[PDB]
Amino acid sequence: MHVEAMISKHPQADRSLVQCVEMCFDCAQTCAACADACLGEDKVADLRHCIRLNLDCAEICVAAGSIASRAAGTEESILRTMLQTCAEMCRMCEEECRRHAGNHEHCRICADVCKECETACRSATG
């Protein structure tokens, strides 16, 4: 990623922020991929809720990542509210993917990414 390089060059220019942005994009992609993997499973009907949460988590993580990419300055921002929502979304999505992780390795990986992204986003709200 180029998060760190771009922050340093912004005319209004944060480790926790870099980590948050990087994780949001990673987690967005991972959850998009996890929704599609679950869709392809023989046991798709068991994975409805998980697919739905991953779609929401992908959507919210792209939004959060994008907003945070614009948060390199002191101006008022939705940033902290958005990161709190994102942390809650990643927590919910982690729990459901974790429940399937013994059965589907894609959900193990995705639960781990959601957990890390939850922590990164919560940490960026401090």
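Residue numbers run from 1 along the displayed sequence.
* To do: Between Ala13 and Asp14, determine how many residues of the deposited chain lack coordinates; answer none if the chain runs continuously, otherwise 1 to 3, 4 to 9, or 10 or more.
  => 4 to 9 residues lack coordinates between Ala13 and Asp14.
* To do: Could you settle it for me: does 97-105 or 25-33 have the higher average Cα B factor in the PDB entry?
  => Averaged over C-alpha atoms, the B-factors run higher in 97-105.
* 66-74 or 85-93, whichever carries the higher mean Cα B-factor -> In the deposited entry, the stretch with the higher C-alpha B-factor mean is 66-74.
* **Assigned third (lowest, middle, highest) for the C-alpha B factor of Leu39** => For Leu39, the deposited C-alpha B-factor lands in the middle third.
* To do: Grab the CA temperature factor for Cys114 from the record and place it in the lowest, middle or highest third of its chain.
  => Lowest third.
* Among the chain's modelled residues, which third holds the C-alpha B-factor of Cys57? -> For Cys57, whose C-alpha B-factor we compare with every modelled residue in the chain, the answer is the lowest third.
* Asked: So where's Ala45 on the chain's Cα temperature factor ranking, which third?
  -> Highest third of the chain for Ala45's C-alpha B-factor.
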